[PDB]
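Take a look at this single chain in structure tokens; it is the form deposited in one PDB entry.
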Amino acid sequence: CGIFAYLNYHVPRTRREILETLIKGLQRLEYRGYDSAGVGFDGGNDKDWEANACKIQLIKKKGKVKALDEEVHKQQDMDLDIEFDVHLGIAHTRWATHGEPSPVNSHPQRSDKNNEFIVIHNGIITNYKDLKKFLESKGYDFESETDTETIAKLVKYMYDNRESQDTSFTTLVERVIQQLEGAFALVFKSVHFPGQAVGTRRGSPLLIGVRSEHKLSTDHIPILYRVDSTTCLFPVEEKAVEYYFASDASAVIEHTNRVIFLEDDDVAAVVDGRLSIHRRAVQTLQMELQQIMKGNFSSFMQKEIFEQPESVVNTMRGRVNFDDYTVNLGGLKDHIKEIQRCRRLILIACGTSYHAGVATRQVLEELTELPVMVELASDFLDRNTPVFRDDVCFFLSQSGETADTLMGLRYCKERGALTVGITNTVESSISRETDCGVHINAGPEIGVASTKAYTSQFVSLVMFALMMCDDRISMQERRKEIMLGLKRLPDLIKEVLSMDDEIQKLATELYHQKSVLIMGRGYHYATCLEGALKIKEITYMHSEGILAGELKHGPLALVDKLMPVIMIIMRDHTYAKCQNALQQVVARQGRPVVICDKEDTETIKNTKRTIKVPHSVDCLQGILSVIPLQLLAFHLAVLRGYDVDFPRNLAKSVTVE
């Protein structure tokens, strides 16, 4: 899900300009949830904007942001020309994992039929049933089946039982969150507090961007405990200021790169255009606007596939020195020596990030000589896996917020393990709570299906392995071989992308099929699992990865002349065994597409359809052999008429159960 709110303080904006900013903020967050959306703003058609802050209008609609954009427009009652010197608008795109994605269930949620209080919520309230029963007894009636509604009905209850006539907006939200359980990121708007916004979080990201032509009072907001001009953030000599609440930085970068990352239990509040935090820093983001733009590509997934030559270079920038063959990961400098004294590596992740661990398990075993265990986070938790003080636990997470991965992190910390975060989001929970970590530095990934995050994770884990063995005389040549591979890897990726058209032809031969089996072993077990997940996710074909050595133990019975098969046969030590699997498939009359080496003339001669990828070091080849499957999934999805960026039934980053 995604949160966005726009607060213009003495920066006159028309209602049209305001609603455009909200929609434009949701579009930036749409990849976080696109089942439904809604906006909340001040209604009324009084030329004087001050007589309109007592009327809150809600426009919510099932579907993607484009459906809400059309609903906001061609509205007969709303006059879009009214100028607002001060105004607060809140918006929200929803990933509806439960129930119907109906307007009633979209946010903002309201406290009554006159919208005295509205709220937008990311997360889950683990005790909304108790609150609902309590609030129902006190006379409040509910209209939706969302846990968020109990938050709106509760901030009104706290207001209906306030001791003084001027209890601050912060005081009410404080009494609310004290009764809530679980995780939440909230933005409140009320008619009783016109133009005032309150943002708070507990286990869900929430940041505040600020723009103003004038100097700002400070760059380090002080926290308060239960509000003068040396305490709040505001413009000095004038009032003009613009604030931006958001659950993701992609919605704010276009307006400003000055954001305040809230923390758990921080209750931010904008009163009289002044931002104070109750109960710290003011940072400069390094993201650029072009990083979250399609550019000349028709989709984000295709851009992020084709930019992998550059993102791989960015992952290694400042860390790999090819002149002297040295590897330094700054984030591990104060911990690498103690990691070498540990006795086991555990890699914990979900989905494609788990596949990145499968893809590097072998070279990690080889270069560290430690046991390496790779776990799916959800199952890791279900089993209460044994963990010890001399374990090193890696947590692979592009977003750094995946719930199961984060819970795994806290589980391992409670048992005293050394924790390492491999993330692509600097201010994420996983990067904060780990003892040390590496930022894979791939740039923002907007496509729901991970592409560059996978290859950048792959590379990051290889660089770690290279550090772990840098004191072994016997492994110096192996390190050189690998680092030369990394130097040549970007150009070889380019060589693979130049086969786009050849892979598109193959896609036209498969797009009508129901299933496809993808087979590999060794270094390319991960390749066949990840290709199968990509094809599942964006084409909806029933693709399944099968370990090639396991064919003879049952699954080969599926194969006949009608079952599509893709096989990966590379030039490594498993080549002869892969040739046996291919022979078994052909004996069953399978007509497989084979991803093989350009020089593998024997395979190329005897197979009709081959994808000929260039050769690299065996422990880097998985990067090259997975990219044809990224592209095949892309082209299969287009032929079948689906949107590669917005696959059905899900969104990007699983931050809740």
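Counting begins at 1, following the sequence as shown.
Beyond what is shown, the protein has a form deposited with a small molecule bound; the following relates to that form.
Checking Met483, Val267, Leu206, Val438 for any heavy atom within 4.5 Å of the small molecule in the bound PDB entry turns up a single hit: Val438. Just one of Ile422, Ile568, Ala251, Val119 comes within 4.5 Å of the small molecule in the bound PDB entry, counting any heavy atom, and that one is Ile422. For a residue to qualify, one of its non-hydrogen atoms must sit within 4.5 Å of the small molecule in the bound PDB entry; all three of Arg319, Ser431 and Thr434 qualify. Only one segment in the set 422-430, 165-173, 133-141, 207-215 has any non-hydrogen atom within 4.5 angstroms of the small molecule in the bound PDB entry, and it is 422-430.
Residue contact check for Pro490: none of its heavy atoms lie within 4.5 Å of the small molecule in the bound PDB entry. The closest heavy atom approach of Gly330 to the small molecule in the bound PDB entry falls within 4.5 Å.
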